[PDB]
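Participant: I'd like to ask some things about the structure below.
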Amino acid sequence: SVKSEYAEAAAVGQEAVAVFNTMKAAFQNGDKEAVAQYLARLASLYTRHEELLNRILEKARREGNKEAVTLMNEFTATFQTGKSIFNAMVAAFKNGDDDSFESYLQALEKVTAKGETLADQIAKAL
Ligand SMILES: O=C1CNc2ccc(C(F)(F)F)cc2N1
């Protein structure tokens with residue numbers, strides 16, 4: 001069902017949170033080779049999460065679940081803010097700019113926190 005598809009999507013989201021927290025630790029420690037691999041893994045996970053969220057949104061639209069669609073539209077908007085900040089972070093890493101990186105890392109933590117509140121509401125709406 002769409003609800004089981006959302007539980008899959010949530011798990012992928014949690015995998016990215018885990019990898020993000022490991023990547024932060026490696027950045028603080030100065031292990032740039034590790035950070036590079038974690039960023040590549042995060043890009044894959046976020047791509048996968050987005051593909052699942054889009055399928056869920058489209059299914060809720062086809063099902064006429066207006067409340068779920070409202071909440072999912074808000075969430076995919078928040079997701080795009082994440083994506084933009086993540087790209088900026090990846091660029092800052094490529095450029096060697098640790099100041100921007102640290103900033104963007106903090107910014108992504110805020111996006112994720114707000115996203116999870118919406119994420120919790122979507123679960124109850126589907
Ligand atoms: O592509 C990305 C990159 N990072 C990210 C962090 C938080 C969120 C979230 F807040 F959960 F919506 C989404 C993303 N998507």
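Every chain in the structure tokens has a letter given in the order shown (A, B, ...), and although residue numbers restart at 1 in each chain, ligands are simply numbered from 1 in the order shown.
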Per residue of chain A within 7 Å of ligand 1, record the nearest atom pair and its distance in Å to one decimal, counting only C-alpha atoms and all ligand atoms, with rows in chain order and ascending residue number, as JSON lines.

Facilitator:
```
{"residue": "A:13", "atom": "CA", "partner": "ligand 1", "partner_atom_place_in_ligand_line": "11 (F)", "distance": 7.0}
{"residue": "A:43", "atom": "CA", "partner": "ligand 1", "partner_atom_place_in_ligand_line": "1 (O)", "distance": 6.9}
{"residue": "A:46", "atom": "CA", "partner": "ligand 1", "partner_atom_place_in_ligand_line": "1 (O)", "distance": 4.7}
{"residue": "A:47", "atom": "CA", "partner": "ligand 1", "partner_atom_place_in_ligand_line": "1 (O)", "distance": 6.5}
{"residue": "A:75", "atom": "CA", "partner": "ligand 1", "partner_atom_place_in_ligand_line": "12 (F)", "distance": 6.4}
{"residue": "A:76", "atom": "CA", "partner": "ligand 1", "partner_atom_place_in_ligand_line": "12 (F)", "distance": 6.9}
{"residue": "A:78", "atom": "CA", "partner": "ligand 1", "partner_atom_place_in_ligand_line": "12 (F)", "distance": 5.0}
{"residue": "A:79", "atom": "CA", "partner": "ligand 1", "partner_atom_place_in_ligand_line": "12 (F)", "distance": 3.5}
{"residue": "A:80", "atom": "CA", "partner": "ligand 1", "partner_atom_place_in_ligand_line": "15 (N)", "distance": 6.1}
{"residue": "A:81", "atom": "CA", "partner": "ligand 1", "partner_atom_place_in_ligand_line": "13 (C)", "distance": 7.0}
{"residue": "A:82", "atom": "CA", "partner": "ligand 1", "partner_atom_place_in_ligand_line": "5 (C)", "distance": 3.8}
{"residue": "A:83", "atom": "CA", "partner": "ligand 1", "partner_atom_place_in_ligand_line": "1 (O)", "distance": 3.4}
{"residue": "A:85", "atom": "CA", "partner": "ligand 1", "partner_atom_place_in_ligand_line": "3 (C)", "distance": 6.9}
{"residue": "A:86", "atom": "CA", "partner": "ligand 1", "partner_atom_place_in_ligand_line": "3 (C)", "distance": 4.8}
{"residue": "A:108", "atom": "CA", "partner": "ligand 1", "partner_atom_place_in_ligand_line": "6 (C)", "distance": 5.4}
{"residue": "A:111", "atom": "CA", "partner": "ligand 1", "partner_atom_place_in_ligand_line": "10 (F)", "distance": 4.3}
{"residue": "A:112", "atom": "CA", "partner": "ligand 1", "partner_atom_place_in_ligand_line": "10 (F)", "distance": 3.4}
{"residue": "A:113", "atom": "CA", "partner": "ligand 1", "partner_atom_place_in_ligand_line": "10 (F)", "distance": 6.4}
{"residue": "A:114", "atom": "CA", "partner": "ligand 1", "partner_atom_place_in_ligand_line": "10 (F)", "distance": 6.3}
{"residue": "A:115", "atom": "CA", "partner": "ligand 1", "partner_atom_place_in_ligand_line": "10 (F)", "distance": 4.0}
{"residue": "A:116", "atom": "CA", "partner": "ligand 1", "partner_atom_place_in_ligand_line": "11 (F)", "distance": 6.3}
```

Participant: Would you export the selected residues with N, CA and C atoms as a CSV table (one decimal), in the first residue's frame, please?

Facilitator:
```csv
chain,number,residue,atom,x,y,z
A,13,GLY,N,15.1,7.8,4.3
A,13,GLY,CA,15.4,9.1,5.0
A,13,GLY,C,16.2,8.9,6.2
A,43,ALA,N,24.3,11.5,-1.7
A,43,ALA,CA,23.6,11.9,-3.0
A,43,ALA,C,22.7,10.8,-3.5
A,46,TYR,N,19.6,10.5,-1.2
A,46,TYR,CA,18.6,11.5,-1.4
A,46,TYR,C,17.9,11.4,-2.7
A,47,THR,N,18.6,11.0,-3.7
A,47,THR,CA,18.0,10.7,-5.0
A,47,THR,C,16.9,9.6,-4.8
A,75,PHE,N,6.0,19.1,2.0
A,75,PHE,CA,7.2,18.4,2.3
A,75,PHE,C,8.1,18.3,1.1
A,76,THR,N,7.7,18.1,-0.1
A,76,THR,CA,8.6,18.1,-1.3
A,76,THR,C,9.2,19.5,-1.5
A,78,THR,N,10.0,21.6,1.0
A,78,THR,CA,11.1,21.5,2.0
A,78,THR,C,12.2,20.6,1.5
A,79,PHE,N,11.9,19.5,0.8
A,79,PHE,CA,12.9,18.6,0.3
A,79,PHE,C,13.8,19.4,-0.7
A,80,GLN,N,13.2,20.2,-1.5
A,80,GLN,CA,14.0,20.9,-2.5
A,80,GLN,C,15.0,21.9,-1.8
A,81,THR,N,14.6,22.5,-0.7
A,81,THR,CA,15.5,23.4,0.1
A,81,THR,C,16.7,22.6,0.5
A,82,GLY,N,16.4,21.4,1.1
A,82,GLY,CA,17.5,20.5,1.4
A,82,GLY,C,18.4,20.2,0.2
A,83,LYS,N,17.9,19.8,-0.9
A,83,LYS,CA,18.7,19.5,-2.1
A,83,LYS,C,19.6,20.7,-2.5
A,85,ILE,N,20.7,23.2,-0.6
A,85,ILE,CA,21.7,23.4,0.4
A,85,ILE,C,22.8,22.2,0.3
A,86,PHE,N,22.3,21.0,0.1
A,86,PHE,CA,23.2,19.9,0.0
A,86,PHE,C,24.2,20.1,-1.2
A,108,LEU,N,21.5,22.3,6.9
A,108,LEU,CA,20.8,21.1,6.5
A,108,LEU,C,20.2,20.4,7.8
A,111,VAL,N,16.9,22.0,8.2
A,111,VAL,CA,15.9,21.6,7.2
A,111,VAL,C,15.4,20.2,7.5
A,112,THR,N,16.3,19.3,7.9
A,112,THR,CA,15.9,17.9,8.3
A,112,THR,C,14.9,18.0,9.5
A,113,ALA,N,15.2,18.8,10.4
A,113,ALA,CA,14.4,18.8,11.6
A,113,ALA,C,13.0,19.2,11.3
A,114,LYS,N,12.8,20.3,10.6
A,114,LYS,CA,11.5,20.8,10.1
A,114,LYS,C,10.8,19.7,9.2
A,115,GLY,N,11.6,19.1,8.4
A,115,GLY,CA,11.0,18.1,7.5
A,115,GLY,C,10.4,16.9,8.2
A,116,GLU,N,11.1,16.5,9.3
A,116,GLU,CA,10.6,15.4,10.1
A,116,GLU,C,9.3,15.7,10.8
```

Participant: Give me, as a PyMOL selection string, all polymer residues having an atom no more than 10 Å from region 16-31 of chain A, counting only C-alpha atoms and skipping those fewer than 4 positions away in the same chain.

Facilitator: chain A and resi 10-12+35-39+41-46+49+93+98+101-102+105-106+108-109+112

Participant: What does the distance from CA of residue 73 (chain A) to CA of residue 2 (chain A) come to in Å, to one decimal?

Facilitator: 15.8 Å

Participant: Please indicate the distance in Å from CA of residue 55 (chain A) to CA of residue 119 (chain A), rounded to one decimal place.

Facilitator: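 A separation of 15.1 Å between them.
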
Participant: Expressed in Å to a single decimal, how great is the separation between CA of residue 40 (chain A) and CA of residue 74 (chain A)?

Facilitator: 26.5 Å

Participant: Extract, using only C-alpha atoms, all DNA, RNA and protein residues at most 12 Å from residue 4 (chain A), discarding same-chain residues fewer than 4 positions from it, and format them as a PDB file with C-alpha atoms, in the first residue's frame.

Facilitator:
```
ATOM      1  CA  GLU A   8      10.107   2.409   3.002  1.00  0.00           C
ATOM      2  CA  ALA A   9      10.653   6.065   2.164  1.00  0.00           C
ATOM      3  CA  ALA A  10      11.016   6.931   5.848  1.00  0.00           C
ATOM      4  CA  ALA A  11      13.637   4.248   6.301  1.00  0.00           C
ATOM      5  CA  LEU A  52       9.931   7.396  -3.503  1.00  0.00           C
ATOM      6  CA  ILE A  56       3.846   8.576  -2.992  1.00  0.00           C
ATOM      7  CA  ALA A 123       2.281   9.178   8.012  1.00  0.00           C
ATOM      8  CA  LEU A 126      -2.185   8.478   4.359  1.00  0.00           C
TER       9      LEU A 126
END
```

Participant: Measuring atom to atom with only C-alpha atoms, identify which of A:90, A:84, A:121, A:34 is nearest to residue 70 (chain A).

Facilitator: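 That would be A:121, the residue with the smallest distance to residue 70 (chain A).
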
Participant: Which residue, A:87, A:92, A:124, A:5, has the smallest gap to residue 57 (chain A) when you use only C-alpha atoms?

Facilitator: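 Closest to residue 57 (chain A), using only C-alpha atoms: A:5.
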
Participant: Here is a test: counting only C-alpha atoms, which residue of A:120, A:104, A:110, A:61 is nearest to residue 91 (chain A)?

Facilitator: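 Result for the nearest residue to residue 91 (chain A): A:104.
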